[PDB]
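See structure below.
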Amino acid sequence: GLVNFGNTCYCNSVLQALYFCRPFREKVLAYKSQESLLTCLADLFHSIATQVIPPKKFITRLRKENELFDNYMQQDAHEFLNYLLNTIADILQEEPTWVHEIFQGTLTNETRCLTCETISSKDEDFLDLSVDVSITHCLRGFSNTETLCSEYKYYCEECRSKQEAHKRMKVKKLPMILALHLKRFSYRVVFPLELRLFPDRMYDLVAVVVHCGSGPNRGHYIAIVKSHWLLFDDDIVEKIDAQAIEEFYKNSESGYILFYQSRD
Amino acid sequence: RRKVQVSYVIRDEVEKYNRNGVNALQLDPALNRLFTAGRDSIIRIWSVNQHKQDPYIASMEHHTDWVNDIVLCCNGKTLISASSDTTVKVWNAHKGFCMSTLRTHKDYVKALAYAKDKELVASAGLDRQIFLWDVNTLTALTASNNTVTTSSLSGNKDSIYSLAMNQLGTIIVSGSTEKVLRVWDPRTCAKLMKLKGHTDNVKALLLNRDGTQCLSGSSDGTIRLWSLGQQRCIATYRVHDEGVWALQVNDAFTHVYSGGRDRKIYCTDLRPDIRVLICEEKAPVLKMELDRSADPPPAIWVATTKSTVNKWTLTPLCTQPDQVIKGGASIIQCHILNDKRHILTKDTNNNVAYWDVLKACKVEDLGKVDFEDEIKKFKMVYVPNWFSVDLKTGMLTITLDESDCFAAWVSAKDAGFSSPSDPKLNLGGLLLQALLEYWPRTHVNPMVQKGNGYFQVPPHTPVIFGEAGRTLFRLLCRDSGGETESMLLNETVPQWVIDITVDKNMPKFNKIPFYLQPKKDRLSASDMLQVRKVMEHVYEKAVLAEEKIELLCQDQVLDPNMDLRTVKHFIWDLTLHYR
C-alpha cells in the first residue's frame, strides 16, 4: 500500500504496475545492490518486499527533477511512465541497457509521399505503445493513416524537399513486456488476458492501470496485478477475481495502460 | 510562425540548364517557343526549330521554390506561374520579366487553369483555396500596387492537386485528395456537381471546348471520362499500371495521351483496346504538351523528374527521343564541415564540390572523389550553428533565422580575414551586411561605410524573405538599391535584421563559465577564447607561459590554440587542470 499525498495516484498506480512486471522488479533490486531518481526508486522498491507506505522519498525527488508534477493538480500516468522509463533508459546508458532489453521493441512507420507516391520506409524504437480505440488488431497489423499538411509536411528523399504525405505504423518487433496505452483527447474497449501476437509469441496480461471519470487530469487512477489477482487503490489492498476486469472495457469507465508479459 | 527569415541561393549568374526536374510545359506555336517550369524556381524559354544549336532563349527568375504550373495568355503576350512559395506570379512572356505577384494563397500553389474565351484564370493549391482573376487587370498590375478584384471559390475538403477550365469560360473542375471532383461555374462562383467515382488522388484535368464532358487521370491509375451533362462517369480506362499524373487531348477530343509513374506513354481512343505505347521515359512523367501545329498531333513534349526535356514523335512505338533539351545536375547530398562556414556537395553526376557559405561561392570541383571519404580529408573545432540548408531547387538555398543566426563568433584570424589586430567577428552578422550591401540604409557610419568590410557576396545572388511558408519578397543583392526595390525593403526586412545592418547594433557574446584546478576556481570567458590565454592566467595565479603551464580536460593535454568551446564540445560545467 502507498499513501496518497493528494492527487498523486498517477504515480502510485504506475509504480505498483511496474512492480508486478517480474523482469523489471528484479533488475532494480540488483541496482541498489550496486543519488538520482533511480536510487530513490530502488530505495523505495527495496522497502516494499520488506514489509501501507509513504513514497515521499520518491515524490520529493520526482517533482524537484521534473516540474510537470510540481503542483497540487493531477497528472497523466503515461507522461510519468514514459518519463520514468526513459529517465532510467539513459541514467543507465551513462553509468544496450536492462530497461531496453525488457520494454523496448520497434515499429515500422511507412511514409507515402504524394508527389512521387514513393512508399518511403524507415524504423524507430519505443519503450511503450500509444494507440487509439479491438486490441488484437492494433498490434498484429497496421495503424490507420494520418495525413501530414499545413506545418507538418514530410521530407522526401526522391523529392529532396518537404511535400505532403501519409503516415501509419505497425509493430515490427514486440518487446518482452509490452507497455501499452490508449488514447484521450469514453468507450466500450475490449481487452483479453492472453493475447496472440507476432513464431506466434503470445502474452499473459500481467499488470493494468485504469481511470475513473471522463477526463485524464482530474479523476483518479488504480492498479491490477499478477499474484503468484489483486486490486490496489492508494490506502487499500483487497483481492479481486479475474472476471471483475470486463467492467472496465458519461463516466462510462474504461481502462488506460495494459501490460502484457510474454508467455515466453 | 508569421516570423521572418532571410534566405539566399548559391548559383551562377545564369543557369542555362534546369538544375532539377520539370513540373509544367507551355508551347507558343506563333514564335516556335517552349516554356518549361522547373523544380528549381526557374521558368526557362526555348526555341523549337530544328535549326537552333542550343535552343535556350532566356531565363525567367523570380520564384523561390518549385514552380508548379504555368499558363500563357493573350497569345503568349503574358505568362502566369504558380509556385511552392505560395505565389501566383504574372509575367511578360515576350520580354521575359515578372510584372506582379499574388500572395493570396496560404500554401504550395499546385495547379493553374485558363479559359481563353472569357480570359479568366484560376489558381489552386495545398491550402484548399481556389482563386479567380480576370487577366486584363493582372497585366496592368505591379510590384508596388497589386490590389485587384479577386473572386474566390469555395467547397474543397482537402489539398488540391489539379485544376482545369473549359475553353468557353463557363465550367471549372478541381481534383484533390478526396477522390471526388467538385465542379463550379466560374462567372458566378456557384457549385455545380460532385463527381464521386475515384479511389485515389487526381493530378490531372481536361475539358472539351464546351465543357460538356471531361476527363480525369488519377493516382489509382485510371482515366475516367465524365459526362457532366448527365453528371456521371461514362467510362473508366486502365491502360496504366501506376498512378497517372499527366494528360493531353486532340482537337477532336477523342484520343487521349497519358503518362504516370509507369513512364509508359500510352495513347488510347474512346472508340479503348487500341492502345499505342509511345515510349518508356527514364523518369516518372510530370506533365506533357501536345503540338497543335497541325491536327494529327505530330509530336508531344514530355517533362519528368529528370532535368532533361525531350520531344517524342507520332512493345514500343518510338525508342529514342526526337528532341533533347539538356539539363543540369541536381545537388542531392550535402555536408557542413564544422568550421561552420564551408560545405561539401555532391550532384547527380556524382560531382563533389567544396563551397564557402559565408562568401556565398564555390571553392572548387573535386571531379568525383569518394564523397564520404572526402569529408574526412575534417578539422577538430566547434563553432555554433547559424544557418540551414535545403536542396529543394536542386541548388544550395541557405537560410538564416533570428533564433541563432548570431551564434557563430570567430576570430578575424581564424576566418582568413587580415588584421594588420585580431577582432571578434559574427558570421551571420557580416553576411546580412553583405547581402544588403547595396541597400542605402545599411550605409550608416557609427563612432560613409557600405558593406561589412571584409568581403562581398556576388552581386547576382538572390535575397529572399519568407515567413518560416509564404515568401514575402525577393531581389538580387545588387538591386538592393533601386527605389522601387527599397520602399519594398522598408516594408519587409524585419527588425531583427535592421538592428544589425542598419543600426549597426552588434549582438550578445556568449561567455562560458568553467572551473580550473590542478580548491577549484570559478572563471568565465568568451566561448572562443584561446586556451593560451588561460595558461597566461595560471602564471600570474607572455611566451614564458607556453613553456611552463600545461592545461588538461578529462585528463587530456590541451592544445594552446584551441578555444574553450571546442574543448567542451569534444573532450568533455567545464573543468580544466594544470601542472
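Each chain in the C-alpha cells gets a letter, A, B, ..., in the order shown, and its residues are numbered from 1; ligands are numbered from 1 in order too.
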
Show me which bits of chain A are within 8 Å of chain B, counting only C-alpha atoms, as a list in words.
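Per the criterion, chain A yields residues 116, 150, 159, 160, 161 and 162 of chain A.
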
Assign secondary structure with DSSP using the backbone only, and return the residues of region 129-256 of chain A in strand (DSSP E or B) as an MDAnalysis selection string.
chainID A and resid 129:131 142 146:148 154:156 161:163 165:173 177:182 194:197 201:212 220:221 223:225 230:233 236:239 255:256

I want to know what sits within 8 Å of region 102-109 of chain A, based on only C-alpha atoms, with residues of the same chain fewer than 4 positions away left out; could you give that as a compact mmCIF listing (two decimals) with N, CA and C atoms, in the first residue's frame?
```
# COMPACT_ATOMS: atom_id res chain seq x y z
N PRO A 23 10.43 -9.26 -14.68
CA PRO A 23 11.82 -8.99 -15.07
C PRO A 23 12.36 -7.65 -14.56
N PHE A 24 11.50 -6.65 -14.55
CA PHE A 24 11.90 -5.28 -14.23
C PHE A 24 12.07 -5.06 -12.74
N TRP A 98 19.37 -2.64 -19.31
CA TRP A 98 18.45 -3.67 -18.77
C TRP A 98 16.98 -3.29 -18.94
N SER A 121 10.21 4.09 -46.44
CA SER A 121 10.09 3.30 -45.20
C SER A 121 11.33 3.35 -44.33
N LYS A 122 11.12 3.72 -43.06
CA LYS A 122 12.17 3.72 -42.02
C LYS A 122 11.56 3.28 -40.68
N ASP A 123 12.43 2.87 -39.76
CA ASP A 123 12.05 2.27 -38.47
C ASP A 123 12.38 3.17 -37.30
N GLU A 124 11.69 2.97 -36.19
CA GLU A 124 12.04 3.64 -34.93
C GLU A 124 11.59 2.81 -33.73
N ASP A 125 12.22 3.07 -32.58
CA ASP A 125 12.01 2.28 -31.36
C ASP A 125 10.86 2.82 -30.51
N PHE A 126 10.61 2.11 -29.41
CA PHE A 126 9.63 2.52 -28.42
C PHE A 126 9.85 1.72 -27.15
N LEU A 127 9.67 2.37 -26.01
CA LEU A 127 9.56 1.66 -24.72
C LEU A 127 8.13 1.32 -24.38
N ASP A 128 7.20 2.13 -24.87
CA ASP A 128 5.77 1.93 -24.63
C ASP A 128 5.02 2.13 -25.92
N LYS A 167 1.23 8.96 -43.12
CA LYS A 167 1.93 8.15 -42.11
C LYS A 167 0.95 7.15 -41.58
N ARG A 168 1.52 6.05 -41.12
CA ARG A 168 0.83 4.99 -40.39
C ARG A 168 1.91 4.03 -39.90
N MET A 169 1.61 3.29 -38.83
CA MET A 169 2.58 2.47 -38.13
C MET A 169 2.15 1.00 -37.98
N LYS A 170 3.12 0.14 -37.69
CA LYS A 170 2.90 -1.29 -37.45
C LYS A 170 4.00 -1.81 -36.55
N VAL A 171 3.65 -2.66 -35.59
CA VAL A 171 4.67 -3.19 -34.68
C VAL A 171 5.57 -4.09 -35.56
N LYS A 172 6.87 -3.85 -35.46
CA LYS A 172 7.87 -4.57 -36.25
C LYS A 172 8.60 -5.58 -35.39
N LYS A 173 8.60 -5.34 -34.08
CA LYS A 173 9.29 -6.19 -33.14
C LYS A 173 8.63 -5.95 -31.81
N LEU A 174 7.94 -6.97 -31.31
CA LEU A 174 7.34 -6.91 -29.99
C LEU A 174 8.42 -6.97 -28.92
N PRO A 175 8.19 -6.35 -27.76
CA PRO A 175 9.11 -6.47 -26.65
C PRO A 175 8.65 -7.53 -25.67
N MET A 176 9.50 -7.75 -24.67
CA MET A 176 9.24 -8.78 -23.68
C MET A 176 7.98 -8.41 -22.93
N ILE A 177 8.01 -7.26 -22.27
CA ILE A 177 6.84 -6.69 -21.63
C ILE A 177 6.41 -5.57 -22.54
N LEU A 178 5.21 -5.73 -23.07
CA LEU A 178 4.65 -4.76 -23.98
C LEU A 178 3.86 -3.77 -23.16
N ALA A 179 4.47 -2.60 -22.95
CA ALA A 179 3.79 -1.46 -22.34
C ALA A 179 2.87 -0.81 -23.37
```

Contacts of residue 234 (chain B) at 12 Å or less, counting only C-alpha atoms, minus same-chain residues fewer than 4 places along, as a ChimeraX atom specification?
/B:195,197,213-216,223-230,270

Those residues you just picked out, can you put them in a file as a short mmCIF file (atom, residue, chain, number, x, y, z; two decimals), in the first residue's frame with N, CA, C and O atoms?
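Generated output (out_24.cif):
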```cif
data_model
loop_
_atom_site.label_atom_id
_atom_site.label_comp_id
_atom_site.auth_asym_id
_atom_site.auth_seq_id
_atom_site.Cartn_x
_atom_site.Cartn_y
_atom_site.Cartn_z
N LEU B 195 -18.66 14.57 -58.01
CA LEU B 195 -18.38 13.61 -59.07
C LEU B 195 -17.60 12.43 -58.50
O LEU B 195 -16.45 12.17 -58.88
N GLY B 197 -16.43 8.65 -57.74
CA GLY B 197 -16.04 7.61 -58.69
C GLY B 197 -14.62 7.10 -58.51
O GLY B 197 -14.36 5.92 -58.73
N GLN B 213 -18.46 17.28 -71.47
CA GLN B 213 -17.85 16.08 -70.92
C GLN B 213 -16.38 16.38 -70.64
O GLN B 213 -15.77 17.18 -71.33
N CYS B 214 -15.83 15.74 -69.62
CA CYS B 214 -14.42 15.95 -69.25
C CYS B 214 -13.71 14.70 -68.79
O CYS B 214 -14.34 13.68 -68.45
N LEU B 215 -12.39 14.80 -68.74
CA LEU B 215 -11.51 13.68 -68.42
C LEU B 215 -10.87 13.89 -67.07
O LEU B 215 -10.80 15.01 -66.58
N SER B 216 -10.42 12.80 -66.47
CA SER B 216 -9.66 12.87 -65.23
C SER B 216 -8.70 11.70 -65.15
O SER B 216 -9.08 10.58 -65.47
N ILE B 223 -7.99 6.44 -65.94
CA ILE B 223 -8.51 7.60 -66.64
C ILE B 223 -10.01 7.40 -66.72
O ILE B 223 -10.48 6.38 -67.20
N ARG B 224 -10.76 8.38 -66.22
CA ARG B 224 -12.21 8.35 -66.32
C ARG B 224 -12.70 9.52 -67.14
O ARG B 224 -12.29 10.66 -66.91
N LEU B 225 -13.58 9.23 -68.09
CA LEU B 225 -14.24 10.26 -68.86
C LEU B 225 -15.59 10.45 -68.20
O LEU B 225 -16.26 9.47 -67.86
N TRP B 226 -15.98 11.70 -67.99
CA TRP B 226 -17.23 12.02 -67.31
C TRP B 226 -18.12 12.81 -68.24
O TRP B 226 -17.62 13.62 -69.03
N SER B 227 -19.43 12.54 -68.16
CA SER B 227 -20.45 13.32 -68.86
C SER B 227 -21.09 14.22 -67.82
O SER B 227 -21.86 13.76 -66.97
N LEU B 228 -20.75 15.50 -67.88
CA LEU B 228 -21.24 16.50 -66.92
C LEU B 228 -22.69 16.72 -67.20
O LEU B 228 -23.49 16.90 -66.26
N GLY B 229 -23.04 16.67 -68.49
CA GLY B 229 -24.43 16.70 -68.94
C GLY B 229 -25.35 15.75 -68.18
O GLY B 229 -26.52 16.04 -67.98
N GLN B 230 -24.79 14.63 -67.76
CA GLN B 230 -25.53 13.63 -67.01
C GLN B 230 -24.92 13.43 -65.62
O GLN B 230 -25.30 12.50 -64.90
N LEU B 270 -11.38 6.55 -77.27
CA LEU B 270 -12.71 6.18 -76.80
C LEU B 270 -13.47 5.16 -77.69
O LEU B 270 -14.38 4.48 -77.23
#
```

Between A:263, A:99, A:59, A:68, which residue has the minimum interatomic distance to residue 31 (chain A), considering only C-alpha atoms?
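Comparing A:263, A:99, A:59, A:68 against residue 31 (chain A), the winner is A:99.
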
Figure out the distance between CA of residue 60 (chain A) and CA of residue 87 (chain A), please, to one decimal in Å.
16.0 Å

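By only C-alpha atoms, and with residues fewer than 2 positions from residue 52 (chain A) along its chain excluded, the set lying at most 8 Å from it is residues 1, 2, 3, 54 and 235 of chain A.
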
What is the CA of residue 470 (chain B) to CA of residue 64 (chain B) distance in Å?
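Computing the Euclidean distance for CA of residue 470 (chain B) and CA of residue 64 (chain B) yields 10.0 Å.
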
Within 10 Å of residue 152 (chain A), counting only C-alpha atoms, which residues qualify if same-chain residues fewer than 5 places away don't, as a list in words?
residues 147, 162, 163, 164 and 165 of chain A

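If only C-alpha atoms are the atoms counted, then among A:257, A:11, A:40, A:77 the closest residue to residue 131 (chain A) is A:257.
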
Quick check, in Å to one decimal: how far apart do CA of residue 405 (chain B) and CA of residue 507 (chain B) lie?
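Interatomic distance here is 10.5 Å.
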
Step one, run DSSP on the backbone; step two, keep only residues of region 65-171 of chain A assigned to alpha helix (DSSP H); then write them as number ranges by chain.
A: 65, 77-89, 91-94, 98-103, 135-140

Pick the closest to residue 184 (chain A) from A:4, A:12, A:120, A:217: which is it, counting only C-alpha atoms?
A:217

Please list as a PDB file with N, CA and C atoms, in the first residue's frame every residue within 12 Å of residue 50 (chain A), counting only C-alpha atoms and excluding residues in the same chain fewer than 6 positions away.
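Okay, part_24.pdb is ready:
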```
ATOM      1  N   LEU A  29      16.225  -4.320  -7.928  1.00  0.00           N
ATOM      2  CA  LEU A  29      16.708  -4.728  -6.609  1.00  0.00           C
ATOM      3  C   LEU A  29      18.214  -4.993  -6.647  1.00  0.00           C
ATOM      4  N   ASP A  43      15.628   2.534  -3.531  1.00  0.00           N
ATOM      5  CA  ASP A  43      15.435   2.740  -2.084  1.00  0.00           C
ATOM      6  C   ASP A  43      13.978   2.464  -1.718  1.00  0.00           C
ATOM      7  N   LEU A  44      13.061   2.922  -2.575  1.00  0.00           N
ATOM      8  CA  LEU A  44      11.635   2.620  -2.434  1.00  0.00           C
ATOM      9  C   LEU A  44      11.345   1.141  -2.616  1.00  0.00           C
TER      10      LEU A  44
END
```

From the options A:16, A:34, A:115, A:75, which residue's atoms come nearest to residue 48 (chain A), counting only C-alpha atoms?
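Answer, going by the shortest atom-to-atom distance: A:16.
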